[PDB]
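Q: Here is the input, now give the coordinates:
(one chain, ligands or ions: 1)
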Amino acid sequence: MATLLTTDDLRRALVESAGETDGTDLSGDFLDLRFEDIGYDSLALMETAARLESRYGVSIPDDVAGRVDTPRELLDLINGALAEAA
Ligand SMILES: *P(=O)(O)OCC(C)(C)[C@H](O)C(=O)NCCC(=O)NCCS
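A: Numbering: from 1, shown residues only. Next comes the structure:
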């Protein structure tokens, strides 16, 4: 069992944690963008991850989510954890 969130899933969720739907375009291959560059707090990354934890069946330790600079890593946390141990 490993329902992997896709680009779109991460996108929608990550916009959702910004509060209002401003619309930081996170479509296509936005995985090379950076959270620091898009003004994201690591606290917010934890918040982002927290949502995905309960949704997909993963658990991301507090400090881990603060160590993700690019969206690819945050996505890879969920995807990877499910593939590793679900
Ligand atoms: P991440 O480690 O890139 O997140 C860094 C953040 C954006 C949280 C950064 O340290 C910040 O916003 N600092 C504000 C100053 C402070 O003391 N914040 C307390 C946060 S609980």
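Q: got the residues of this protein near the ligand?
A: Within the chain, the positions near the ligand by Cβ under 6 Å from any ligand atom are 36, 41, 42, 43, 66. (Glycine included, C-beta is placed from N, CA and C.)
Q: From those, which land in helices?
A: Among these, DSSP state H puts 42, 43 in helices.
Q: filter the residues of the chain next to the ligand to the buried ones?
A: By neighbour count, with 16 or more other Cβ atoms under 10 Å, those hold residue 42 as buried.
Q: Max pairwise distance over the residues of the chain next to the ligand: which two?
A: Across those, the longest distance by Cβ to Cβ is 13.1 Å; it joins 36 and 43.
Q: can you give me the helices in this structure?
A: Applying DSSP H to the chain gives helices spanning 7-16, 42-56, 62-65, 71-84.
Q: Which one of those helices lies nearest to residue 27?
A: Of these, nearest to residue 27 by Cβ to Cβ is helix 7-16, at 6.2 Å.
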